[PDB]
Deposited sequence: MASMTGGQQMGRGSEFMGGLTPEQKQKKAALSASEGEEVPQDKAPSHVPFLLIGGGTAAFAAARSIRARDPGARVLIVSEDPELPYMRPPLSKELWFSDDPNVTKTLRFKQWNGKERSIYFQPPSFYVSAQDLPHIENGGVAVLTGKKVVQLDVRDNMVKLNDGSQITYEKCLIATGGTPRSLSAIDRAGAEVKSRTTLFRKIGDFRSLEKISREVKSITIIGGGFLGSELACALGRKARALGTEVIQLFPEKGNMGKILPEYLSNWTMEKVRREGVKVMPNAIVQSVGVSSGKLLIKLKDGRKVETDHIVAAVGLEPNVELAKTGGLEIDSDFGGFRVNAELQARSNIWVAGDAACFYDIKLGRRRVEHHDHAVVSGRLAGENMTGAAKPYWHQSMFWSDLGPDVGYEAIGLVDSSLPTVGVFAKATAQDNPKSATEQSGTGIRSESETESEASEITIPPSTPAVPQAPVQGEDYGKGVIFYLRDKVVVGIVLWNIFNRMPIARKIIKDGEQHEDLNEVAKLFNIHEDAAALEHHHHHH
């Protein structure tokens, strides 16, 4: 709506909200305008897959509130609507503010003129711009070739509306099949398994890997986590590659290449995230060819007045190399860094971001740095019960990534270990700083 805005953030999400908060904190009076293609105000995604499913409140799907670890409870939105101002009053309100253009998609970006054009034909001029478009759920090819009925009965799970639809389906239908054994697939499988055990329905999870989080955890840990998810009330189906999806007898029927058929009433597809890089083509922005997303430097900078943060930002870490991290805490830290650099504070990615996952009561872990299953791994465990322990990821002999397995308040130690590459020869002593017992 406004013709000109000093700070323009494209996309309404975790990275954009963090960037707006940093910009307003270190630059009081800044006019920040968030252009979100979705009608919802910025909100955090993790509750939609972990906390909203375990709420005792029957009407949780309408209020979107949940209780965090302490006694306090909070809504899924980052801030109430009173926090944001209208885009009309943004140029005139004293001491600036943050505004959201909900339901408006940036379709054209011009870097030389510092201008964007929306889906309604409106044009906004900017001084500094952040591209925090995040990503969109990838879709299975067998779902696409299936037809229209299957796509109607298939759910790509990233938004609040997707959460509401899937919750209503779970309350209604009996069998639900999760496709993908990654983060979201495993979390949703655990939540739906708990719901089914409450009700008495069937929940299935299938993936091509040998275990849950096969791309993150080593194979023994993957198998252990798969057993825990299986005892969470989920019929986990590993080594399953989807080839066909087709409605039979009024129900979905997944056919796998190994010859196993799976009859279900609904399908949830969590098969990765495709970064939203549509603005690059019209804006002449480089796209990283080996990690995806907008290619930026150590300071999350793409051009003279364009930064990229979040899942769409393929950045350069001096310590660990070129990375793209699709995680909530990474979105927060990258948004804060991008806003700080937008307000003339040139600083590279230094504070490493972590992520967490709770796959049932007995699986809860944290991770920092390069956590990839292809890296060599050394795990030190207390007292085949992989209950408590710590896992180190090594490039040559330096620790680049650490997984804290069922041990809590140990993040400072792992952060210090990763910060100073010491080329550890023996890894029992470094595991000793973690009070595993």
What gaps appear when the modelled C-alpha atoms are mapped onto the deposited sequence? 1 to 43, 427 to 473, 528 to 540
